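Here is what each chain is made of, one letter per residue.
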Amino acid sequence: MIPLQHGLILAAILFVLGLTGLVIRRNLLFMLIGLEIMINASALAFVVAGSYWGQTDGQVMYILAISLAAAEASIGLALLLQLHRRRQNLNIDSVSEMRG
Amino acid sequence: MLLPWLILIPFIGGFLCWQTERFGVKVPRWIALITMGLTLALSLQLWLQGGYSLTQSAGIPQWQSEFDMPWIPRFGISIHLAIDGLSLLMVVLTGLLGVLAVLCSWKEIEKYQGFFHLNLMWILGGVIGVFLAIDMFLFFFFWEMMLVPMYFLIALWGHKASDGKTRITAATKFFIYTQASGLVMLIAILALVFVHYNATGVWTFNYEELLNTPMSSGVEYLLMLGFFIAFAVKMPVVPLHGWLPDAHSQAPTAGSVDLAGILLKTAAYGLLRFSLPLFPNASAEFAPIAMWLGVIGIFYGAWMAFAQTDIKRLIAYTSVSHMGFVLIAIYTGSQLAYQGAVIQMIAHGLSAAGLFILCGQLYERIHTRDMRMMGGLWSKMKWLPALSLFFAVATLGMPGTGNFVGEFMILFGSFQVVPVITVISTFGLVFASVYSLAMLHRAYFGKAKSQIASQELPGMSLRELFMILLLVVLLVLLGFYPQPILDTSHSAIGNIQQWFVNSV
Amino acid sequence: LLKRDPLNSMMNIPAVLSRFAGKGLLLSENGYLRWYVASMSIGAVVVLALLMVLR
Amino acid sequence: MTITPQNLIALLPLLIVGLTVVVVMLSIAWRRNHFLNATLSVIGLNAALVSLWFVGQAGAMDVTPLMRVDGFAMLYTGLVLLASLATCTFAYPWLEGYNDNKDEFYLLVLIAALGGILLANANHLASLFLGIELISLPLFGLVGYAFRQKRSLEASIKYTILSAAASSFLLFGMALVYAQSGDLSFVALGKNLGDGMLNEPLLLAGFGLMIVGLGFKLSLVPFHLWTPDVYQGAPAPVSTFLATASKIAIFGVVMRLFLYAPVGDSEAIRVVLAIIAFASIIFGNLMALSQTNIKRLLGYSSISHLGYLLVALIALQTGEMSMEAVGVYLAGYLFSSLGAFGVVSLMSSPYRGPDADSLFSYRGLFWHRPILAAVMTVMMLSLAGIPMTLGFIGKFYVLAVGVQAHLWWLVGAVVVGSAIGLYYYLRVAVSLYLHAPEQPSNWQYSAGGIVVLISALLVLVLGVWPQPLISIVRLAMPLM
Ligand SMILES: CCCCCCCCCCCCCCCCCC(=O)OC[C@H](COP(=O)(O)OCCN)OC(=O)CCCCCCCCCCCCCCCCC
Ligand SMILES: CCCCCCCCCCCCCCCCCC(=O)OC[C@H](COP(=O)(O)OCCN)OC(=O)CCCCCCCCCCCCCCCCC
Ligand SMILES: CCCCCCCCCCCCCCCCCC(=O)OC[C@H](COP(=O)(O)OCCN)OC(=O)CCCCCCCCCCCCCCCCC
Ligand SMILES: CCCCCCCCCCCCCCCCCC(=O)OC[C@H](COP(=O)(O)OCCN)OC(=O)CCCCCCCCCCCCCCCCC
Ligand SMILES: CCCCCCCCCCCCCCCCCCCC
Ligand SMILES: CCCCCCCCCCCCCCCCCCCC
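cryo-EM is the method the PDB entry states for this structure, with the resolution given as 3.0 Å.

Chain D carries the name NADH-quinone oxidoreductase subunit N in the PDB entry, which gives Escherichia coli BL21(DE3) as its organism.

The name given to chain C in the PDB entry is Proton-translocating NADH-quinone oxidoreductase, chain L, with Escherichia coli BL21(DE3) as the source organism.

A. Representation of the overall build of chain D within the structure. Across its full length, chain D holds 18 helices and zero strands. Compactness check: chain D gives a C-alpha radius of gyration of 21 Å against a globular reference of 23 Å for 480 residues, within 12% of the reference. Judged by the C-alpha coordinates and their principal axes, chain D covers about 70 × 55 × 40 Å.

B. The arrangement of the overall build of chain C in detail. If you tally the helices and strands in chain C, you get two helices and zero strands. Against the globule reference of 10 Å for 55 residues, chain C gives a C-alpha radius of gyration of 19 Å, more extended than a compact globule. The C-alpha extent of chain C, read off along each of the three principal axes, is 55 × 35 × 10 Å. The buried share of chain C, taken over its 55 residues, is 33%. Element-wise, carbon and sulfur atoms account for 72% of the exposed surface of chain C, whose accessible area totals about 3300 Å².

C. A look at the site of ligand 3. Inspection of the region around ligand 3 gives 13 residues, with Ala-191, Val-195, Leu-222, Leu-223 and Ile-229 of chain B positioned closest. The site occupied by ligand 3 is bordered by residues of chains B and D. When the free accessible area of ligand 3 is taken as 1100 Å², the share hidden by the protein chains comes to 55%. Those elements giving two or more residues to the shell around ligand 3 turn out to be helix 7 (165–199) and helix 9 (217–234) of chain B together with helix 16 (408–431) of chain D.

D. Fine view of empty space enclosed by the protein. All names here are of chain B. Within this model, the largest cavity holds a volume of roughly 190 Å³. Forming the walls of the largest cavity are 16 residues, and the residues nearest its centre are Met-146, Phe-174, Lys-234, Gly-261 and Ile-262. Of the residues belonging to the lining of the largest cavity, the class tally is twelve nonpolar, two polar and two charged.

E. Representation of the layout of surface pockets in the model. Taken as a whole, the second largest pocket holds about 1600 Å³ of empty space. Along its surface, the second largest pocket is lined by 46 residues, and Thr-172, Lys-173 and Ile-176 of chain B, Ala-15 of chain C together with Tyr-423 of chain D are the ones closest to its centre. Elements represented by at least two residues in the lining of the second largest pocket include exactly helix 7, helix 9 and helix 10 (243–249) of chain B, helix 1 (6–25) of chain C together with helix 16 of chain D. Looking at the lining of the second largest pocket element by element, the count peaks at twelve residues for helix 7 of chain B. Of the residues in the lining of the second largest pocket, the class split is 24 nonpolar, 14 polar and eight charged.

F. Seen up close, the pairing of strand 1 (residues 65–72) of chain B. All names here are of chain B. Two strands pair when backbone bridges link them, and strand 1 and strand 2 (residues 77–83) are joined in this way by seven bridges, in the antiparallel orientation. The partner of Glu-66 across the bridge, within strand 2, is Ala-82. Connecting the antiparallel pair strand 1 and strand 2 is a turn made up of four residues, with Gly-76 showing a positive phi of about 65°.

G. Highlighting the state of the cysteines. Residues and elements named next belong to chain B. Counted by the stated rule, this structure contains zero disulfides over all chains. Free of any disulfide, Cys-359 has its nearest neighbouring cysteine sulfur in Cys-104, separated by 11 Å. For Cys-359, a relative accessible area of 6% corresponds to the buried category.

H. Seen up close, the pattern of salt bridges. All names here are of chain D. All told, the structure shown has 21 salt bridges over all chains when counted by the stated rule. Of the charged contacts in the structure, one is a salt bridge between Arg-32 and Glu-104, with a shortest N-O distance of 3.0 Å. Residue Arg-32 is found in the loop between helix 2 (12–30) and helix 3 (34–57), and its partner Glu-104 is found in helix 5 (residues 104–120); the two are separated by 72 residues along the sequence. Accessibility expressed as a relative area gives 41% for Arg-32, which makes it partly exposed. Across the pair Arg-296 and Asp-229 runs a salt bridge whose closest N-O atoms are separated by 2.8 Å. Remark: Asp-229 occurs in helix 9 (residues 227–233) and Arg-296 occurs in helix 12 (residues 294–314); sequence separation between them is 67 residues. On the accessibility criterion, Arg-296 (3% relative accessible area) is buried. You can call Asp-229 buried: its relative accessible area is 0%. Each of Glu-154, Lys-158, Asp-229 and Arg-296 takes part in salt bridges that share partners, so that together they form one network.

Rules and cut-offs
Residues numbered from 1 in each chain as written, not as in the entry; some residues may be left out. Chains lettered and ligands numbered in written order. Part of a larger assembly, values for the part shown. Heavy atoms only, no water. Residues with missing side-chain atoms left out of burial classes, pairs and counts. Helix = DSSP H or I, 4+ residues; strand = E, 2+ residues; numbered from the N terminus. Rg over C-alpha atoms; globule rule 2.2 N^0.38 Å. Buried < 20%, exposed > 50% of the residue type's maximum accessible area, 1.4 Å probe, protein only. Areas by Shrake-Rupley, 256 points an atom, 1.4 Å probe, with all protein chains shown as cover. Near = heavy atom within 4 Å. 1 Å grid on protein atoms, 1.4 Å probe; cavity = no way out; pocket = protein on both sides within 12 Å on 5 of 7 lines; lining within 4 Å. Points joined across faces, edges and corners; volume = space filled by probe spheres on them. Nonpolar A, V, L, I, M, F, W, Y, C, P; charged D, E, K, R; others polar. Pairing = 2+ DSSP bridges. Disulfide = S-S within 2.5 Å. Salt bridge = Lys/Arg side-chain N within 4 Å of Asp/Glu carboxyl O.

In structure tokens:
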């Protein structure tokens, strides 16, 4: 009784909001937060699609998605801590040394 | 069976020149001399045993000798060599110029001399492979293979008085011109092979089988344009000529590198063998454009040659105008104009070789190429100004030299085909006399315009003088008795002409 | 009038255009990660819009 | 489906690389020994190559709903394993200069090779996504392995952020595709369509977002801006792996996805990929024109060469030998990139610490490293598509495939980009032999030198005589 279009539109809205947060925020922590919003939105879209078809593959894709989300959040926060302890500054525009 | 050895003896000789540098610093020149002499001797033996004067025209294909061996059987690509009269004349000419290039690099004994001789031999073997290959991929492979040793000779062994970045710029311009034109030719080759594959069903790159491929007029015109662009870069045809005087000016200052790589004209042979037979209708439709490009090349090259203050650039633009004459000859349908084109190619090779060797000797005597810094050199040198007078007279189109024979047979046949273009081209001969006399007046006659010209200079060695006199004798004999060359190229030229005019 | 080769120059002008286009394209490599994310999102918009237009 | 013992035979390189990961990790847990753990890693990868021989002695079959093993998968597994072995060999002297722990490097290289093997056999959207992530996360570690250096930390942060964003794009596209088509296997993407309804808007949008993720991974325009910064900032063996193995594996799974999907022969996707290939060729060559840094130059070179590969992919659903062209080009590109990045790695090894400079300074390399200069100029000629090199054979295959499919815009793009490449590759190769004013002794450095020399010899020999490589690639065909 819940349309597939509505669930996919909700997932698309969350994905777009996470991408906007990734773009407009200069702090690296908020960039990681936007990345987490984007990957959670894509996982929600997989769950919506799997629930529409009555298949378990959507939740399996969700499980792989959140495995990726956990591991890359760990890596990104480790790199954030390294940047903080090497520069005392989380500005992502300051770490821009290599240029064309 | 001797054609693979005609290609392989330069490569093995270059490898042995590189390797035998450890045995002595003045060793690899003898190895290069021996291998170029072996290549010339094998070419002359193929000439003597071929019986080209008694051969009658029987239609394409008609090879005096042939060799085939599968190379990439997936695409139907094979090492497929063949020789007839035109290819034989070109192979003898490049063997002779290779011997002259080895002798011109004598008494230049530095470190990594063996690699210089390796690059020279690989250029010569690539030129021979261009003249011998009769399948499309092997022809393209030899066409592009010469450019790497040529690039490194210009960039690393080039004109030592330059900035160093000018040599790299000239070599890069040459390489980009020739390799991009080659890639356009490769696209045309691949499209022709695919048209044949769709028409018949079998992969082939063989030139004999790719003849009479049924295709529409537009597709044939496009394939002809790709082939013509590749040949027009190396002919040179204006405006694609600009690499040539920069490559000549920044070449290694012995002058041997010019004779080895820049002086010979594989593009006129390429037009004759792969443009008229493969696309006869397209060449027939393209003929007015090509002939007007030849006229523009004649006059533009003469005007550019007059305006130079450097001798090497003057000789380069002289080459541009002569190749304009040859390009006019090719797109007519005359056996007489084709024979004149063959004689003019050989005569241009001999006369440009003499001019470039004499310019190198003059530069190593006076340490400048600016004609504003030299003058009155007839009274200061022993042999060089008189031989330079002879070779400027030869490039002028003087009867008694083979340049006259080639140019006037071109003009006779072209007047039988296209009279207006012939009239304009003979006025181009007047302009040729103008620039030859301008060079002679600025360089050797008058008062000395600098302190370096107001001194007695050492005479030429016996080796340089004897090879220049050999070129003089060859040009005079070609002017007075050109009949053996005509009888050699007659059957192949007749085959090309009868294929070109009977299919239109 | 011809002493500096005009045909050589009008064949040299593709090299001038290539150098100018390369210098212009190198302005996108400014080293800013937010611009790299923004360019990825711009490319996503362009690809999706092209696919919707072409259908 | 269940896993029969024959299916276990077909998973042999994957099993051997996973077992090597476990064994190397337990050896690190025993004692931190650089030589033993590097040796165990390279032994595991060589055992995976011999297991590829054993897989070839078996059949070609679908080992899971997820994996399909065939000659295609075997060829890409071999390419990934060769790239990983070369990366470990180049890494040992560089890590010998390193000061911190230097065995987690080999663990991460093994896990990235495992992801490359999974992408080589990937027949499913789940296996594609998992293989991309198994490639990506160890590369997050490897690019910032020398994180005390500013450039490596910068490249690590850029690569991590952008690859997480691209994985989000790819996953959202996969979710939209799964919303349209009820199956996640490659052969069922667009299967439930007909009568000219192949261009379903949701399916095209999902493939567009997947194209965004994969084109980030392949450095295709306009998802290419990360490439020179990450290539310059990463350690040089990491740059070798990132240039060869990641690109080869991801392009192989893209090739199989476009071969098997019924939406692969879509006009809209073909036109979009043609635009991306044109822009990639022209932009990579134009941006590499004025580069004095060799690693940035090779990054832009990778952009243009992946553009040529994409041109070969566009003609896949029309012609036949596009797979053969991709195989030959990928072999040549692998060997050329291994030689070039290995020369860059050998002259930058041992590691000089985070404080010292790491510029290559290739001018006048011949007068103190003549063999490496010869290898580097052979590789520069090969990346330029010069005849007598295998790079020309790949370029000839790309041109023939484009001419057969009447892709005239892409053919002209290849010609123009090749001319621009001629300029900058020749600039590097001739700067190798000039004169520079100013500015080892172990068998692992010699092993790296032997690797770059064998790559140069393979490039020259297979450029002169390319029939064995063509014959090898032609018998490595997937299930039709
Ligand atoms: C970085 C910036 C700078 C670098 C990039 C610059 C641009 C590079 C690209 C330039 C070339 C563009 C494409 C030229 C080919 C166009 C092909 C074409 O229009 O084909 C249409 C048609 C095909 O044939 P079709 O009609 O199908 O045949 C069946 C029945 N006739 O064709 C025909 O019917 C025949 C058409 C013949 C005339 C068109 C070809 C013109 C070629 C121009 C160059 C040569 C000019 C003459 C020679 C000058 C000296 C070399
Ligand atoms: C010399 C030319 C250039 C070579 C470059 C190679 C680059 C890629 C390397 C890996 C390529 C693997 C390609 C394998 C394709 C096999 C396709 C196939 O169907 O093979 C089947 C065949 C057995 O035949 P069949 O009877 O058909 O089997 C079915 C029976 N149920 O079974 C086979 O064919 C088995 C194949 C086994 C391959 C083992 C490879 C071991 C590793 C060799 C590395 C050499 C060094 C290279 C690096 C040098 C240094 C950088
Ligand atoms: C910058 C350099 C590179 C320039 C870009 C690359 C070349 C562009 C060529 C454009 C060609 C346009 C063709 C337009 C029609 C296409 C559709 C068609 O009907 O093609 C005709 C034909 C296939 O139709 P079919 O019924 O099978 O006929 C077989 C017999 N021809 O088609 C065929 O049979 C094959 C057609 C081949 C077309 C020519 C390919 C060779 C190109 C030569 C060099 C480029 C053109 C000249 C130089 C321009 C300036 C650089
Ligand atoms: C007559 C029309 C019909 C026939 C057309 C035939 C086309 C193929 C044959 C002609 C090709 C012409 C190429 C002209 C440029 C040659 C390269 C050159 O001049 O390089 C030298 C120059 C470096 O020297 P410099 O300027 O001092 O240094 C600046 C950097 N520090 O280098 C540079 O400045 C940068 C060089 C960049 C790379 C070279 C340019 C490539 C451009 C595309 C090539 C294909 C063109 C296709 C046709 C276009 C229209 C004619
Ligand atoms: C066919 C292979 C082409 C690419 C390899 C080129 C390198 C070959 C081996 C090295 C030779 C270098 C010679 C350098 C001579 C420099 C002389 C400078 C002063 C004149
Ligand atoms: C900045 C670099 C730009 C490079 C552009 C290269 C363009 C090459 C020429 C392409 C010509 C394509 C012609 C296609 C004609 C198709 C006609 C089909 C009729 C059915």
